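This is the structure I have questions about; it appears just below.
Letters A, B, C, D, E and F mark the chains in the order given here, with residues in each chain numbered from 1 onward.
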Amino acid sequence: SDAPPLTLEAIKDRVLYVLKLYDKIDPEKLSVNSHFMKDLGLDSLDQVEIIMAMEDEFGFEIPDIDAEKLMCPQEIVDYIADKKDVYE
Amino acid sequence: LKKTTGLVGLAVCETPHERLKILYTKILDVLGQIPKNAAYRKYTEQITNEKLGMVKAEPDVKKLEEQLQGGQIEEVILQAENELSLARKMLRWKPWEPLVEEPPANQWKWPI
Amino acid sequence: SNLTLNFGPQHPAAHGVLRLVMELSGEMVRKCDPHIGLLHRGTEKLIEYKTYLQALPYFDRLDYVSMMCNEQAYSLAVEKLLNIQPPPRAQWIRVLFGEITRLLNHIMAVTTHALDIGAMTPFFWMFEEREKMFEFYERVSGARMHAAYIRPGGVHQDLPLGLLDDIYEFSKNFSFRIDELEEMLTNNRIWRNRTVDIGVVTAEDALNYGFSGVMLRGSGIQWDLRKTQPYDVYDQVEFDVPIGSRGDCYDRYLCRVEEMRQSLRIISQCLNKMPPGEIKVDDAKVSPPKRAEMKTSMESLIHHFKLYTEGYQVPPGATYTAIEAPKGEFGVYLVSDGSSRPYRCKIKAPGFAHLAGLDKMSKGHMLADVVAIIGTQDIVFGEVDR
Amino acid sequence: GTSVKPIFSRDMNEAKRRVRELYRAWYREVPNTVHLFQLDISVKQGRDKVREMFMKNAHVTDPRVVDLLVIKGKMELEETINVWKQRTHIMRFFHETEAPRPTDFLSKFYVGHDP
Amino acid sequence: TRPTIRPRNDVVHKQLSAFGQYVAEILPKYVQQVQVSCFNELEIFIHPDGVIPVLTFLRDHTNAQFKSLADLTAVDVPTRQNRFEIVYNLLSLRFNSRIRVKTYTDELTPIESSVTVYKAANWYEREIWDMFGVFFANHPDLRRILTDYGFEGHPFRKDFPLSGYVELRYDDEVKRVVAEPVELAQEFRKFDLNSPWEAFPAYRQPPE
Amino acid sequence: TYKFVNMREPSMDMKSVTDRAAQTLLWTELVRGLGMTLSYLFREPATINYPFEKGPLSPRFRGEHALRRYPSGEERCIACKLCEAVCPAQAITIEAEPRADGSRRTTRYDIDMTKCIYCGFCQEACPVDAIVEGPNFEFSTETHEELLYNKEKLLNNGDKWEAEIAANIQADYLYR
């Protein structure tokens, strides 16, 4: 069959794996609720790179107006879950 | 009757008189929607009425070409089409209105 | 996905400096994108640092196949800005050498076009005539092509004794060389297969695309600047304007051959009507005095010194002056700020617009057809890039 | 009022959005440029260079100037994607044959007169 | 005033003046000035917004029929608030006449592209953008035409130096052509040519 | 006044149609072209036997530059710098000072022959016929540096070519 029924936990884990490969984010002080600008100190350009890596990982494009709101891993998880129609 | 206009891409027009009458009538109809005091309206109506009367007054195509001073009645038809398109664009643009802005003080001063 | 190809610059049919990015489906040409500037030397900016005399030789090197015609266009622009008149004998010499120059250019265009197509022999026959014509250039000026002979105010020097007879001797024989070229090409079925209905352009499209010269007259447009807007003494010579009917390569080639014949006619009239008199304007604030006068009289020495150091001041103003150069309308937009150096000099070259029309002209054709169309546009990149 | 005609953007937000689009396009393009031009740099080097070029103009606060900068960046990207640029043009961004010019006062004093 | 002096043509001067008045009457919204030079050349100075409506008129009106765009160029005048003068030279074959249309812009204000009026304008506008930095709105394909790939600056601006900023050479360590800051074995020698005495009294300006 | 170049019509009589068919099937115009090339084959060629034979040149021909002298051996050049001012390529560099006997003479006279465009404006501008473009055109070199002429090189050129230069000037100066 096709891909298994991806869930919120898998989405969060893959998002965290993608983020921990970013060289400007501290691997062990990153949480599901961390803010890229306030806590990680990431710049606006850095955020764009993070969303591009997310697009690569999850295989679907994210437009600029949607990508601007995503400011923490939890927002990215909720966006992906809403787009993929996943409630668990 | 004429074999070729001699110009590449310009076809020979059968019944040029009727085509010209239609085009000049359409031009006058479009110009009727332009304000009466606009110089474009009065000038174009004057020249269009001259050409329309000249077309109605001479049934020979060669003599009509000689009178119109327009160079080979097919090009007269093309020029009428161009004038009709311009008249529609001018109705949209309304250039009869006052100048939008005065240039800066020394915009056109030459030398320096 | 179409295949993308670099046609030139290092290509035989690319004229040395043209890089053409071509999108092809097989050999069908889906798109032509000419990339130019490989011979952009910044002429227009360099001229802003020269006097008008110092700027004159830059025009020899724009369309290096038609030198004296460029000189004449620039000289006419400067003379219009100066409000002066060249002497009649200078104007007759100018027209004569302009027609010799048209002969040179049409030989180059027709024979190189034939060489792209594949007929290599007429190039060799006609380039000896070009050589003889080069001697006429060198005898009048000391240089085979970059003469700098035609200057604002007239010409630099008078004709040497015996030049007119030799020009007559060449002119009474050139018609047979034209006949041999036409015997090789005009009725040949391979040549017609390579040229007929290739690069057909309509009259309306030719006008809207900025075309000039044969690129107009091949499509039936009855226009020639020598007839409609004459300069020098062109309103005193009789000639005919060749007019095409199909707007294709074959009609344009026929037009160029007939223009060569009409140039022979004009040259004959110029040879028989050359008047006596001075050869530059008798105004030492513009044209330099004779060397004997410079070494004898105080005013002549002062004016020589000033004209060769500072140059003449030109009254402020701007002119667009155009001529019927062998490749089409060649124009100069010259802006004078009142000083002895031009403020701005925009050069209008017919090949610029003609090459901008190449992608439109190549629609529905093959690679060899595009080679033929490049040849039929008569492009020199010295004037295209400037 | 200032009565100024825009180019593309009315304020700084739309200009910043266009900047982000151009940055995404360049970031995506860099690996293809490394492969096609046969460069000896890494993809990280190219992206770091792209970032550096963008950062060079971070101080601009005029939306029209930002729009024109984005237009020029789009022109450069189109030149790169179509391989109109050669390897020399791409490598010109790195200045690999220019000697390092000193910045402190003393070295400039020793070497010459330029301030 | 005989052989040396260029002759005048009053007939053409009057005809051009009348046609300039005609054009100014028809398009008062955009026409700012009309001039006829003494060598019989007609110039129409317009507001930038009227680039398309004026050109179209001059192309399509039955009494104008300026079907040919001979040339389109720009002139840089740094002392003006609007730096760049945009010049259109048009030719009418039907009436055997020429006309010049002039407008202005600065570094940051786009000019409407006229490719929908004259296709010939395409490359010309590219050249202007290449040489002066004037952006043309709604141009189908606007990019450099004359300069090298990646070239920075607009060479035809008056403040751009004649030799530019960079030059090229082949370097063997990297096995390629490289660009480096320009150094000249002989510096171009600036000449001061202007005479300190006025040449043309007819063009004297008020002394402020 | 104009003419048409391709506006003719073929006659449709059986004679002309059969002649056209014979041309199509028997390739008559191709044979005509072959005959033209065969005729050229038996003509005398236009090639000259260089370097034993040379192309004709005029007294006005512009060649390698030279600096000239008066018949007493004194240099003609008096360092007015008109040639330097007029030079369109800025190929001339001149430095001057009073000589030991007080004469106005150059200490530096350089022509960059890789900058030069060989226009002859320098010799037109010169008031004393000091700098000229001579008749020599065969002076190719193996290095760039040899084409940067100093004053000694130009004086040597004048001394070497004066016999020809004076005759050419005598031939042409009544036109100048």
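To be clear about the criterion, a residue touches a chain if its C-beta (ideal position, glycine included) is under 8 Å from a C-beta of that chain, and two chains touch if they have at least 3 such contacts.
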item	value
Topological distance between chain C and chain F, in contact steps	1
Most distant chain from chain F, judged by the mean position of its C-alpha atoms	A
Chain separated most widely from chain C, comparing mean CA positions	A
Where chain B and chain C are represented by their mean Cα positions, the distance between them in whole Å	36
Where chain B and chain D are represented by their mean Cα positions, the distance between them in whole Å	51
Gap in Å, rounded to a whole number, between the CA centres of chain F and chain A	74
Where chain E touches two or more other chains at once, by residue number	144, 148, 188, 203
Shared-contact residues (touching 2 or more other chains) in chain D	84
Shared interface positions of chain C, touching two or more other chains	221, 243, 245-246, 309, 316-318, 338, 343
Complex interface listing, chain C residues touching chain E	36-37, 40, 42, 44-46, 49, 51, 79-85, 87, 207-210, 212, 221, 223, 228-229, 281-283, 309-311, 313, 315-320, 322, 329, 331, 333, 335, 338-341, 343-344, 346, 348, 352-353, 356, 385
Contacting residues of chain E [partner chain D, same complex]	108-110, 135, 137, 142-144, 148-150, 171, 173-174, 176-181
In the complex with chain C, residue positions of chain E that touch it	3-7, 37-39, 41, 67-71, 73, 75, 87, 89, 93, 96, 98, 100, 118-120, 122-123, 144-148, 155-156, 160, 162, 188, 193-195, 199-200, 202-203
Chain C contact footprint on chain F (complex, rising order)	1-7, 29-30, 32-33, 36-37, 40, 46, 56-58, 60-62, 82, 85-86, 88, 117-121, 124-125, 127, 133, 173, 175-176
Chain F to chain E touching residues, read off their complex	85, 90, 93, 112
